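The structure tokens that follow cover one protein chain in two forms, given apart as structure 1 and structure 2.
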Structure 1
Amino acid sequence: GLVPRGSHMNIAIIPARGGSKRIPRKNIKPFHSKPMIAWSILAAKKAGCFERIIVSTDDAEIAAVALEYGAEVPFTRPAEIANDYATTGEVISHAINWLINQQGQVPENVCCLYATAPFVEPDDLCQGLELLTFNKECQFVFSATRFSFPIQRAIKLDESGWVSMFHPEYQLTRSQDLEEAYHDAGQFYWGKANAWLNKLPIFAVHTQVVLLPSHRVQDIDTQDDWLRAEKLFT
């Protein structure tokens, strides 16, 4: 863990908490015959732009699996309570301060990579760094994806199933004429260390995205989702 004199310290933090309600043991449940978190550690390792890849967990079993797959677990966070679910920003800040305070290493660019993100592309990770660093004023870069249907044409259902538009002014508007819309794909978030530390708001500062195609963005929120995403990963 020597580094070039003059190089910038770029790291991956992979948060993972125990306790997930919908899919028990979600972060270590097998996905295509590895614990789910393995795929994120593996992608971070293959990307080649990180000098450290750390799992931040509050759970000793998850810690064990992360070490098994070659991530660093330099600390274990104390178990969270349900009425105090730590935000991503709180976990990332914790890790950055811990590195500074406990190890005297000052991160510059910090990538939060989700534990459940098995279609993440090593290359998208590196593209995000490059966008973060090329644009001097950029504080964050996150994985995003296009909405597959125009948000302007969204409808709501009343309590009796009756349809109405959210925005009736677009009822007759040409599709070509609707402004393109995107959302957070929920896979990775690069930020400048000071951005995370200062709790800058990602969607309101100088933020860029790496755009992922729809097929690489997969919901894995239920057991039925986990099955369908396994069948597709093969």
Structure 2
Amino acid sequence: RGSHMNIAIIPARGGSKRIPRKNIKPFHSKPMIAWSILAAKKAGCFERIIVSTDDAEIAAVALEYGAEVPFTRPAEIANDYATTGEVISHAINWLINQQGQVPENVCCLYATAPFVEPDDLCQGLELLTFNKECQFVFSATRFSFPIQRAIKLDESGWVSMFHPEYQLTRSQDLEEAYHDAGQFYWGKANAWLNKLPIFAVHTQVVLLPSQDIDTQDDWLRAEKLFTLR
């Protein structure tokens, strides 16, 4: 289109167990979710920035940092089984149905992403739009150990390999593996709405360099890295 409509949706549900109130817990000098909102603003490639949440405290924080909160996320998709795509589809359909706004491209930006680089958000959009075959672009990172040589542990702590054939295989002889970094996901609006699979041959990645923020301890480590220069 001649007029761009690229939007950011930040999913954030309440109810975290391991880190209570995780999305509004202070990280450095701001509630954690604010770092994602601010990265989307700084990027400068979003027409709108929306938080999708069922939680009143999270919504209030979102408005404070200049995200929109146009709706309350339906209760049925704020649960332990709803997927990222379901949350993003809801938001896109809401914009279409309630405001007559049809976005072009839609970026899902997770709420725990203080190390996200704003330029990477716009890099992702440029990659998405550069290759017309492409339906999604997401942040990914390499595994630092060959997944083919992974182990499991039984309840008595005894080791076995997932693939014992690779006991003595060299790391450099195995196919390189990557994983979703859980930061951002660009998609064509229709890719989201048609529930197209993200990890598939119509998707590219932006590769990030070598953070877990899953535990209270992890939070403390990240605080230190955040201010390193």
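By convention here, residues take numbers in order along the sequence of structure 1, the first being 1. In this text, rigid core is short for the largest set of C-alphas that superpose within 1.5 Å between two forms.
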message: Using a rigid core superposition, assess whether residue 173 undergoes a CA shift of 2 Å or more between the two structures.
response: yes
task: Classify residue 80 as shifted (yes) or not shifted (no) between the two structures, where shifted means its C-alpha moves by 2 Å or more with the rigid core superposed.
output: yes
- prompt: Taking the rigid core as reference, does the Cα of residue 145 move 2 Å or more between the two structures?
  reply: no
message: I need the CA movement of residue 154 between the two structures once the rigid core is aligned, reported in Å.
response: 3.0
query: How much does the C-alpha of residue 54 shift between the two structures, in angstrom, given a rigid core superposition?
result: 0.4
message: Could you tell me the distance the CA of residue 164 travels between the two structures after a rigid core superposition, in angstrom?
response: 4.6
